[PDB]
Every structure is written in C-alpha cells, then in structure tokens.
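None of the figures in this text is laboratory data; all of them are computed from the coordinates on show. As a convention, Cβ positions derive from the backbone with ideal geometry for all residues, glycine included, and neighbour counts pool all protein chains shown.
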Amino acid sequence: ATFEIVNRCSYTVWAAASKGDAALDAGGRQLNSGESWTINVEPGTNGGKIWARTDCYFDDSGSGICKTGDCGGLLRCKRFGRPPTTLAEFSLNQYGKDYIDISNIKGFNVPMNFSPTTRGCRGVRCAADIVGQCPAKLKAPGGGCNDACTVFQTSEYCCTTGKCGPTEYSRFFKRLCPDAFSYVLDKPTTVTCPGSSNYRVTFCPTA
C-alpha cells in the first residue's frame with residue numbers, strides 16, 4: 001500500500017512509520033512545511049503506526065533527539081515514538097479489509113488527517129487545538145498533550161486489568177476529537193476500508 005505523508009504544518013516535522021519491532025519503509029524523514037513523503041507499506045502489515053515528531057536534532061548518522069515522538073534517538077524509526085504522539089494507526093489486508101484510526105491514547109502533539117486516497121470509505125481527523133486547550137497536568141514541557149496513562153501510570157488510565165471507564169482526561173481528548181480513540185476501551189472509531197486501499201496522512205490538515 002502507498003501512504004503519502006504530507007506536512008501541511010508551518011513548522012518542520014520528522015515523519016515516523018513503524019509497526020513497533022520494525023521500520024515501515026525508511027521508517028522516518030524530515031518533512032519541511034509543504035513537503036510530501038511517499039512510503040510503501042507491505043500488504044498484511046498489522047499494527048502499523050505513522051506519527052509526527054517535533055523539534056528534532058539529528059547528526060550525520062541519523063542519531064539525535066525529538067521533543068515529541070522520539071523513537072530511541074533515531075531519524076529512521078524501528079520502534080514506536082515517546083508520547084505525546086497523535087497516532088495514524090493501521091492494520092492492512094486483515095481478512096480482506098483495512099482498519100485505520102486516529103488515536104489520542106498516547107496523547108497528542110500534531111493535528112492529523114488520516115484519509116484513503118482510493119474509494120470505499122471515509123478518512124478520520126483529529127485537528128482541534130488539543131495542545132492549546134490541554135489540561136495543566138497533561139501539558140508536556142517539550143510541547144504537546146500527554147494522555148493520563150503516560151502521566152499518572154494508574155490501572156484506570158492505562159486500562160491495565162482490561163476493565164476501566166472514560167475519565168476527566170480521556171473526555172478532554174474525546175470532546176476535542178470525537179473521531180479519535182481517547183482511552184483503551186473507547187467505543188471504537190476504527191474505519192473499515194477495502195483490502196489494499198492507499199492513504200494520505202496530513203499533518204496540520206486545516207492550519
């Protein structure tokens with residue numbers, strides 16, 4: 001499948017693409033404002049994620065740091081990024097269907113559109129100003145809005161027992177982004193696409 005990753009942000013982001021134990025394609029890249037990065041994702045990719053990273057420094061070997069979504073200091077991600085990270089999440093060719101979603105379960109750093117570029121289902125969007133509205137106790141100093149599980153490390157926020165409810169913090173992300181996951185047992189906002197759909201992830205789809 002092709003993912004076009006477009007930075008519509010006025011600031012540089014470092015796109016990341018990972019299934020948690022491996023890079024997707026090159027796994028990461030600098031996107032200046034307006035730049036597009038086309039990646040190929042293997043059919044059958046299960047638990048694929050795309051995210052933006054903000055305020056990166058990389059040396060000549062692609063080693064360094066980001067204030068948001070840093071994945072063990074690499075330009076080319078093999079691992080998931082450090083929260084806060086708005087997540088484009090995908091499982092491709094699962095019994096003839098694609099599953100896409102946006103998640104705020106690892107917090108929010110960069111507004112995001114995740115849309116098919118092929119026909120047969122709808123995109124999802126989390127483009128509200130979650131960083132600007134972020135509750136004082138979830139504010140990441142580096143930039144972005146932590147989820148309550150990253151900050152407080154409780155069974156309730158992490159949903160560690162497989163049982164828990166919405167929270168004051170999960171409802172803040174849900175109120176600003178109804179179409180994103182807000183907590184682990186949130187009513188699914190997963191969209192079903194045709195198997196082998198293609199996608200665009202847009203950072204700052206409106207701003």
query: Most mobile of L185, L75, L87 per a Gaussian network model of the chain (Cα springs, under 10 Å)?
result: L185
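Between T192 and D21, what length in nm is gained on full extension when 0.36 nm per residue of separation is reduced by their alpha carbon distance? Let's see the in-between values first.
Details: separation 171, 0.36 × 171 = 61.56 nm, distance 2.45 nm.
Result: 59.1 nm gained on full extension.
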task: Determine the distance separating the Cα centre of the range 139-207 from the Cα centre of the range 88-123; give it in Å without decimals.
output: 13 Å
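By per-residue mean of other Cβ atoms within 10 Å, what is the highest-first order of 58-64, 168-174?
Listed from highest to lowest mean packing, they are 168-174, 58-64.
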- prompt: Which value at 222 nm does the chain reach when only helices count, each DSSP H run of 4 or more adding -39,500 (n - 2.57), with the total divided by all residues and rounded to the nearest 500 deg cm²/dmol?
  reply: -2000 deg cm²/dmol
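Assigning unit charges at the beta carbon (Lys, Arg +1; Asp, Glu -1) and nothing else, what dipole magnitude in debye, to the nearest 20, does the chain show about its Cα centre? Provide the component values of the computation, followed by the final result.
Values: 23 positive and 18 negative charges, 78 e Å.
So the magnitude is around 380 debye.
Answer rounded, prolate or oblate for the range 146-207, using the Cα gyration tensor with square roots of eigenvalues a ≥ b ≥ c: rounded when a/c is under 1.5, else prolate when a/b is larger than b/c, else oblate. Can you show the working numbers first?
On the way: a/c = 2.45, a/b = 1.63, b/c = 1.51.
Prolate, since a/c reaches 1.5 and a/b exceeds b/c.
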